[PDB]
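I have placed the structure first, in the form of structure tokens, so that the comments after it can refer back to it.
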Amino acid sequence: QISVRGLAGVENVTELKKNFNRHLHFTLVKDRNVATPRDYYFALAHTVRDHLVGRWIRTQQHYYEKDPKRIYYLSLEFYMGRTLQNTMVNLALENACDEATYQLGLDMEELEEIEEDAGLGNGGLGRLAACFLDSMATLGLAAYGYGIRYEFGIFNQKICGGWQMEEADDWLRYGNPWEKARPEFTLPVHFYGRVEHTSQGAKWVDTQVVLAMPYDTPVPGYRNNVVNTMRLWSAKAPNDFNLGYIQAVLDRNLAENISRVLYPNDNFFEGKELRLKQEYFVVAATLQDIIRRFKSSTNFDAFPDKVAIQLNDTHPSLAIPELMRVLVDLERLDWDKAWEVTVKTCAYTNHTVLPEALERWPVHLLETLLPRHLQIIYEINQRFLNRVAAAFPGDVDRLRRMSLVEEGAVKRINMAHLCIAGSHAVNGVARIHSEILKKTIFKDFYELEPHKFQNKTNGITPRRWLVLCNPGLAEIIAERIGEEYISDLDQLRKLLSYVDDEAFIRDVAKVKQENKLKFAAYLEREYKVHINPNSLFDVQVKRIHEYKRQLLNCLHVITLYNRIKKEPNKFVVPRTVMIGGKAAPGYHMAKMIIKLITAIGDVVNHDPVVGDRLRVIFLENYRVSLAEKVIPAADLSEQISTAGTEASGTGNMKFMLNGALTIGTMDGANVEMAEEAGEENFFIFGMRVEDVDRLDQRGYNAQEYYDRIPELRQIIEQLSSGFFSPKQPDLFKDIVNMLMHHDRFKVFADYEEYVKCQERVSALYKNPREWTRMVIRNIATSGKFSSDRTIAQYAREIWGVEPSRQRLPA
Ligand SMILES: O=C(CO)N[C@@H]1O[C@H](CO)[C@@H](O)[C@H](O)[C@H]1O
């Protein structure tokens, strides 16, 4: 059909159909008189999976033979989404499968919609891990994703009467064709017990054992025949577990609860025991696997030459004392040598500066659950603080600030501090974030060890985030510049020489309108809602948080509405305002923001005076597969976090790659995106980080803005008086109270400049040719934000390995 989707050769199409029918018959045990679309999906899934295994076995064989340095990416989250189309894309099978299924009388797109998202992540951090795996395989690194096979991923969001309802994401209900259980590689993980000191060292005894059973998922590189492994651990009770009889058997569930469910918090730390168990579980099982693989190639001096462990946030921070424990207690290395090995092996990526997001585990939890690890942490702390005391003599407050152990009513371990001490590299995820790390929260650590601190600006995989979700745009680009950019996104710069090309302008604008029509159709078909596809698609999709300032978007939306009501017969650029994302189940304010959005939509969407000039849509159940549909359809990307709060953002990059213009603050990766595209091609507004600091020193008085901005006053009056909630007039009193009195994120401070900047958006949209020329300038400069670039930087600057675009034999 289209070039980038690969060849549909007669022989391959014939063979695919053959194997499709084989799987439908032998694997699914169905005749086609009784087969459902789900059966068809599964037959296709198994057919495509067949093409992976050869490459998967040979890739892993190749690594055993060549013994390269191995990269272990430890994450509690891998937000993979669907796997079928991604696998076809990377294997160059998409056209062939499309042809094969068409000839069998099936629509492949329809079959693709049947696959459940692997929703094993909350948002940005989880999706970064997924993009990273793709890029690592594409760059031919011997890389392994290690995590937890959660039985339930991020909850499915239902909206009921404007409120978020959560339901269990039973993603494994119909099975997972992609994974391969490896019950033969089951490993014991120990919890509780106590520490016994013998003549020859400490011993961790009387432990409760939970089994860790690995499930391997293939991670195909882009058309390089490399298939890497994502290994996810499942919790299993041992067979002597609690072994009246019936109850002992039923209580096996307690052990297995460890891998039951993903904690649904984005940028918030909940100090729950089960979460700590999850964290240790993934770490303990992974490290044993790492060491097994290392021995099967006594001298641990070479360990850091053969192993890199990347800690995705502090969640797997226990890797540090666990590695120490194994090296010291089990392998009998001396402390200092073990420490050297640990430090050189481990590296830590920080993903946030929000205090409430930082992991600080109560000492009593670790005391009970992991008594040996606490001992190791204390020892690490003492030796680290001795180094600080020697470098900054007499600086007693520094010692307190830098301690891994934080004092107070409850003593806690600061896991970030642990990570910095036990890692040779610490990185932020955007240049401004990395600078904030060195200047504020980790300033002391930066002063002690400046060489540890790095930047690795985030990226997104252009495979999933252009080729897969936007084939139309991928195609028109490939027509002019060829296919090479898909694994070398910098080549998109070549599109700058087409910014005045009339045919290309027409095509860019055409691909967008097609995406918008297809999405407008998706909304009607699956959610029965009416939207004008000629309107500006103004979208903000991301987790619901106060720092992300969906509320500031809400204020603008209400402003537009009030302006329309004020002058009904005046022309305004029509907008469809789409806001989507999940609120953490216990985050009350975030749940109120969702209610507000739906409440605004209720008023706005049914006001006859408005017509189709303004629509407010809350996109339910925002997730990876929805991101793939709405992002190619967006004209305007809302990236409006208070400066200094969004470590990087990655949704921003996805929108940039797919032909949306960005309205955003100079926060996270927005700064580098503006830098790449040019500030003239970015709708930048609001306080910079420095302005927020100046405001904090002065004191933020929201009332000042309320008093001096009549349009803002009206909105607040409307909210308070019950304009948007006639039956419950005080429903939004919390939101008003928060905005007026305890707004940590200064929504009012950015309101005026935001509304003003939004007017400049509407102005540009009135001129389609110039809008599109600005779009071309964005797409053309989005190259830096490929995760291939990010991963190449990790490889060279942290892991000490060379990426490779060279193919393995097919
Ligand atoms: O999800 C978390 C929790 O620290 N942080 C998010 O990580 C993403 C990937 O690095 C970043 O893009 C987001 O800015 C950050 O909030």
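When reading the values below, keep in mind they use all heavy atoms of this one structure, side chains included, and skip hydrogens, waters and symmetry mates. For this chain, numbers begin at 1 and follow the sequence in order.
- Ion pairing between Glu628 and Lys654 fails under the 4.0 Å rule for side-chain N and carboxylate O.
- For the pair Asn670 and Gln639, the tightest heavy-atom approach, listed with the atom from each and the gap, is ND2-O, 3.1 Å.
- Side-chain contact check for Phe20 versus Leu104: some heavy-atom pair is nearer than 4.5 Å.
- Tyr144 and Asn228 share no donor-acceptor pair across their side chains, judged by distance under 3.5 Å alone.
- By the 4.0 Å N-to-carboxylate-O rule, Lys158 lies too far from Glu620 to be salt-bridged with it.
- Taking 4.0 Å as the cut-off between side-chain N and carboxylate O, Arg231 and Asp216 count as a salt-bridged pair.
- For the residue pair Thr36/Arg38, the side-chain donor-acceptor check at 3.5 Å is not satisfied.
- Closest non-hydrogen pair, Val13 versus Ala96, comes out as CG2-O, 3.9 Å.
- Donor-acceptor pairing under 3.5 Å is recorded for the side chains of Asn21 and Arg32.
- Judged by the 6.0 Å and 45° rule, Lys582 forms no cation-pi pair with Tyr622.
- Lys629 pairs with exactly one of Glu109, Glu113, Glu112 by the salt bridge (charged side-chain N to carboxylate O under 4.0 Å, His left out) rule, that one being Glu113.
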| task | Would you please test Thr650 and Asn458 for side-chain hydrogen bond (donor to acceptor under 3.5 Å, both in side chains) and show each step? | result | CA-CA 7 Å; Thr650 49; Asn458 281 170; 5.9 Å; no
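- Between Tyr72 and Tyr146, the ring planes are tilted. Angles from 30° to 60° get that label.
- Residues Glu115 and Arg82 are not paired through a salt bridge, judged by the lack of any N-O separation under 4.0 Å between the basic side chain and the carboxylate.
- Under the 3.5 Å distance criterion, with hydrogens and angles disregarded, no donor-acceptor pair is assigned to the side chains of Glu166 and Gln157.
- Taking every heavy atom of both residues into account, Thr217 and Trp56 meet most closely at C-CZ2, 3.7 Å.
- Of the possible polar contacts, one joining the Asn176 side chain to the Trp178 backbone as a donor-acceptor pair under 3.5 Å is found.
- Side chains of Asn515 and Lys518 form no contact here, defined as non-hydrogen atoms less than 4.5 Å apart.
- Under the 4.5 Å side-chain criterion, counting only non-hydrogen atoms from C-beta, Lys30 is not in contact with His25.
- Side-chain contact annotation: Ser259 with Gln278, donor-acceptor N/O pair under 3.5 Å absent.
- With contacts defined as side-chain heavy-atom distances shorter than 4.5 Å, the pair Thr576/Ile617 qualifies.
- The main-chain N or O of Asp169 is never found under 3.5 Å from a side-chain atom of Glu151 such that the two would form a donor-acceptor pair.
- Side chains of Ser782 and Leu492 form a contact here, defined as non-hydrogen atoms less than 4.5 Å apart.
- Note on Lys516 versus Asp635: salt bridge recorded, some NZ/NE/NH1/NH2 to OD/OE distance being below 4.0 Å.
- Residues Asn257 and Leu274 come closest through the heavy atom pair O-CD1, 4.0 Å.
- Between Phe42 and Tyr174, the ring centre distance reaches or exceeds 6.0 Å.
- Under the salt bridge (charged side-chain N to carboxylate O under 4.0 Å, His left out) criterion, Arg615 pairs with no residue, sequence neighbours left out.
- Looking at heavy atoms from C-beta onward, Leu76 lies out of side-chain contact with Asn312 at the 4.5 angstrom threshold.
- Salt-bridge check for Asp289 with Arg182: failed, with every basic side-chain N at 4.0 Å or more from each acidic carboxylate O.
- With sequence neighbours left out, the ring pair (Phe, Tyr, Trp, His ring centres under 6.0 Å) criterion links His545 to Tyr547, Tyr587.
- Residues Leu232 and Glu179 have side chains not in contact (no heavy-atom distance under 4.5 Å, counting atoms from C-beta outward).
- Listed by first and then second residue, the salt bridge (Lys or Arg N to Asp or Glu O under 4.0 Å) pairs that reach into residues 118-135 are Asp134-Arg463, sequence neighbours excluded.
- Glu638 and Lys548 are not joined by a salt bridge, as no carboxylate oxygen comes within less than 4.0 angstrom of a charged side-chain nitrogen.
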| task | Please step through side-chain hydrogen bond (donor to acceptor under 3.5 Å, both in side chains) for the pair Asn267 and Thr352, ending with a clear verdict. | result | CA-CA 7 Å; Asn267 276 284; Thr352 188; 2.9 Å; yes
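- Side chains of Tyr79 and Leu120 form no contact here, defined as non-hydrogen atoms less than 4.5 Å apart.
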